Ligand code: NI
Ligand code: NI
Ligand code: NI
Ligand code: NI
């Protein structure tokens, strides 16, 4: 009755997560840098399936074409030695001062062209390493003040950028899809496409919408006070959940990036329930930061904790849905009726159906209790392993 | 140099706004009810263009077909006497206990059919009164707990509802469009389609998307900590801003519905700037509540205040955009460059353009300051009428 | 290994909690009213220790002196029949329209005098029924706008009110203490004494500070995004935690009043840990609302759930502190060193101690990891009953 | 009719504000470092009264006693050359990795002793430079997880630290007072003494309370969604506002530190109104950050903007309080009655006064409107300079 991860569980980590040195807006690094090769090795030992990277995590900004080759070759050798995969890659368009007003929607046109070239270069690298998903997080696309950015022009520029990227992968014959990662704020005062919904809407305006989906992050939707499982359900409904980032957040404040399971524990339970129920089959990626209070031992403890907490929640959610008492409570709360069409009989039969209105007993309907609290206490008992 | 509204300004109010009696979750009504006919009269005297209604604001729930006719005829006479119009109408699907688990996405199928019949009935009434926009606010669509609602099934049901409504207006030959009004929470723990972005995305999945747009509300996006002007810009970009609701909100807390201009005053300034600049031509609707501390004199003072504050902001934003010093600062901050295509030369020329990457001087670009703070202080001076 | 409450567990409920009819700002009551006598009976059957009341919960506003006697006598008989106690009482100074601008700090002086008389009358009643704690929640003390309330004058008035109440109980020889209940907002735009800290500070300015403490509520501090267990620790440190209100809240939004255990589950765990560890011996009072989706069966299910979730958390926290692996991790994280004085040797020895500064090896100290993540994963394993 | 600051206006800035290089959690510095001597010079040219510093802003961490002397002597010469004063100083106990778990409440006892020695050393320096106020911001005192910190022990340690500091300044005969600066979160998950109220309460438990007050910051109380002017009024009421930090914040999110006037503009108006009305006579200190989008020209523009926006608000608030129409509206809203004692006649006369209860006409009182909306629209007109 234990919780050891296997590469079959598809757990992945970014190089930048366990390799975060602990620098925050008020303080210096508390840990030395990690060689990517060591991270790949340590993570493989913990049971992880693969790793992800920003271009600049793997190849130091300003590297010569040959230094580049050397960096990649060592990385590739660590992957061969461990069996680790690289399912996703992304571009760093936020750290260098040149991106201080954004990458794809910077006001300066020459910066936007440069942002696209830096991206295209890394897409080729990611296809070579086998990635299937290319993520875009526009961390610097946004503003601190109202006049600094015309948002209709900036969306035109954002669409222009993504359309060109889609032209490029289709012309090269690459099999890779894009995933946009929303965040409402930080480091910009307000960021463009702030939530899963804004990114889903945007995508429908691209030339080839089928090439793009979303990469939602637990803590990001919670920084807007939103229900993350609800957001994920809408993305699944639209057919657009191409990737997901897992972590923990305690409410509306700075982006904490705690390990998965920390923060809002019940939201984590309902998220795992939904992913496993909908048969989500992509990576379970952790975008998190071991607190700067920790040494390297606490770093690996924190990474193990991410995977452990997913597997415990997976087991409690599976026990909840398999419990006959729970299946009866779902029927008592009429979840089965929610799944049936309101009016498969069609508009005309509905208009002619007097039991839908003229003779509907509104008082008897209103008196029916929904029985949601007992259902929710059953879900609580199961999460806490208190089923008696 | 004053600020009197005229019916040309297209200011509208819901019957439920100035007619709110002051009941809140912790206290009794502090004001008597208003006859709709008196509200129409008082508002006409204040300079308003028109009024809006929920079915149940105008016709008491449970009214006989003849009481109904009487209520409508008196209303129509007040409109004829004053020249007031009715540009928008909506359905009350949230007050009656029968809607306690929602209208279109209630778990009980018979409640969902009833919700659609109650709606269709009011669409006919709204077309008779001349409305051009039919608003839907699903205030009860949502949940307090994770197991109570499968969100993929509920979105199926929501889409089913809106598709049927669109079939009905097209079969009747009615010229009316729908506008969905998002809200993140309250009165449900979490509400479905919580933000402008989620509603825009949803619409793209309907059978006839062209029939539907959004009706965003200032306070609702701010209850999620989001930038309302940014949200409106995205709706304008998508061609979907069919209506708008104006009011004030002080941050993330219960829905305050203060008069427009109250709450976040700078957001109000940038919103007015954007609406007038984009040539938004629909109603300027106020969805607000005079505080329950007030008597009827304070009610009409609060309603006048809404319109006054819009006209003052309109004048300050127009002065800001006409100021030659501001047009020069916009150029200094490269807003003009934001509006130009990144790569009208096409993908291949970009890939071959060495100044976009191989020979891009990243250090010189990064050193360019954006000059946003002086621009923002110019916007502040103009808002405060302190231009010297 | 089960979780049945007994009157020894000191669980109490307000009449207004299970008796809430479901009216919210957007909808009608969904449940009939409960007779106080039935609530006392049902709660006794569930294992509760006692009940609490507002004056107006027990005696309808505007009751004649004799109707009053009748209401009290029936109540007293239900208490005798069940063994239930009344440890706390409070005043309703927020529902009647007369309190729309507050009770003790209303701008109208005659309303403030009336507020004090209504209070004094109920203190006598509470002493007769045996209450030991008199709670004050100034739900209407505050403002929607900046000019409406001078806050220094209002604090003068608040202090005046509480000093007079203390003069009265000391002159009558009553053994009862007062507890102030903070809330940051709702129903007023901002409420005075918004958090536990503001109320603790205020008390130190009263004539007889020893007579007053706080009654913090889980959801209220969380509506300000604060850490409720931290807040409770500060109140315990000051010797001022005279009572506590338990419930659940999902983040910063309207006051949800969910059952205890719902909302932020980890905060609930750390709260129970602290109360049991500090030996808090007052009532465990639930101030919560069964969702309006529920019928009376769901009401009693929700109330049982409050007590069940406390007892489960109590058992997991006790298991955590008794676990030898956890006691070793606490030592590894230096919690033992936190409890020792920094400088019991005194100022002069510290100034003369060169190992505190001149010869302190700052680099070796900084490299020590705090081991907090493993400790926190041990706390998680224990909460989820996953200890292996 | 313009807005030029003079040293009489008592405007001050921290060295760390205009000298912030632009490093944030996601990106590199965008500006070179500033020599303290140049900042003192540039600020003097802008009209500032003085500067403040952390020990480590002025003397690089790890400096020899002689390098120290050199740094101080150049600084002192810049002060002599410009006439600038140093009214406040503070300690950096948050940047160095040694303070990763706090300074005064770190779990490691040797770190806490070192924190006190680093502090005492800087108090002597501050007294030499003439400061009157010594500020303490415990940015690292707090936790990311529940078990990492026992908050009652940590408050014991915090009190121990401040008592020793007070023993030291009294034994040295120094005339300097302490001011504690609260913040609810960031960089720790939750920080101890999170709001003005918590710090006021804490102080009352110190050995010599009269030596300590608060230094509230606009953005910090707003990160908890609180009303900053209300908070300042409570501090003034307690006699404890020894210093204040001014800046701008857009709601509940990461600490933005925008220039004063940005963020919530109406809160800024009511704050200035209160400070000038209560005769606050300390420094008007700006703790803010010029956005990293800016070059040095935008840095000085942003600093000028702080002072300009204070002087504009000062003029609008003074015009509001001097307006006879406003004085009449204050009387109409009964602000004059708020300032009168509720019961100067005493408890016994109140108990015997039948007009306070037996014969109080509650219905007539309730019908009185408070007239707050017209008052608030007068305040808006004055702020926008739209008085007609
Ligand atoms: Ni994040
Ligand atoms: Ni609203
Ligand atoms: Ni509450
Ligand atoms: Ni700050």
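Every residue, even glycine, has its Cβ placed from backbone N, Cα and C.
As written in Swiss-Prot, here are the features:
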{"type": "ACT_SITE", "residues": "D:54", "note": "active site"}
{"type": "ACT_SITE", "residues": "D:57", "note": "active site"}
{"type": "BINDING", "residues": "D:181, D:217, D:245, D:287", "note": "Mg(2+) 1 binding site"}
{"type": "BINDING", "residues": "D:217, D:220, D:255, D:257", "note": "Mg(2+) 2 binding site"}
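All features noted in Swiss-Prot, drawn onto the structure.
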| residue | record | DSSP class |
| --- | --- | --- |
| D:54 | active site | strand |
| D:181 | Mg(2+) 1 binding site | coil |
| D:217 | Mg(2+) 1 binding site | strand |
| D:245 | Mg(2+) 1 binding site | strand |
| D:255 | Mg(2+) 2 binding site | coil |
| D:287 | Mg(2+) 1 binding site | coil |
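Nothing from the recorded positions D:54, D:57, D:181 places its Cα within 10 Å of the Cα belonging to residue D:257 (Mg(2+) 2 binding site).
If you measure from the Cα atom of residue D:287 (Mg(2+) 1 binding site) to that of residue D:255 (Mg(2+) 2 binding site), you get 11 Å. Checking each of the recorded positions D:54, D:57, D:220, D:255 against residue D:181 (Mg(2+) 1 binding site) by C-alpha distance, the shortest gap belongs to D:220.
In this structure, the recorded positions D:54, D:220 were compared by how many other Cβ atoms lie within 10 Å of their Cβ, and the smallest count belongs to D:54. The two recorded residues, residue D:255 (Mg(2+) 2 binding site) and residue D:57 (active site), have Cα atoms 20 Å apart. For residue D:220 (Mg(2+) 2 binding site) paired with residue D:245 (Mg(2+) 1 binding site), the C-alpha to C-alpha distance reads 10 Å. Checking the recorded positions D:54, D:57, D:181, D:245 for a CB within less than 6 Å of any atom of ligand 4 leaves no residue at all. Spatially close to residue D:217 (Mg(2+) 1 binding site) yet at least six residues away along the chain are D:181, D:182, D:183, D:244, D:245, D:246, D:247, D:287, judged by Cβ distances under 8 angstroms. Look at the recorded positions D:57, D:257 and count other Cβ atoms within 10 Å of each Cβ; D:57 has the fewest. Cβ contacts within 10 Å of residue D:287 (Mg(2+) 1 binding site), excluding its own Cβ and spanning all protein chains shown: 25. Residue D:255 (Mg(2+) 2 binding site) is surrounded by 23 other CB atoms, counting those within 10 A of its CB over all protein chains shown. Of the chain residues outside the Mg(2+) 1 site list D:181, D:217, D:245, D:287, D:135, D:137, D:215, D:216, D:218, D:219, D:220, D:244, D:246, D:247, D:285 have their Cβ within 8 Å of the site's Cβ mean position.
Other than the site residues D:217, D:220, D:255, D:257, same-chain residues with C-beta atoms no more than 8 angstroms from the centre of those residues' C-beta atoms, the Mg(2+) 2 site, are D:183, D:218, D:219, D:223, D:245, D:247, D:249, D:256, D:287. Cβ-based neighbour count (10 Å, all protein chains) for residue D:181 (Mg(2+) 1 binding site) stands at 22. Of all Cβ atoms in the shown protein chains, 27 besides its own fall within 10 Å of the Cβ of residue D:245 (Mg(2+) 1 binding site).
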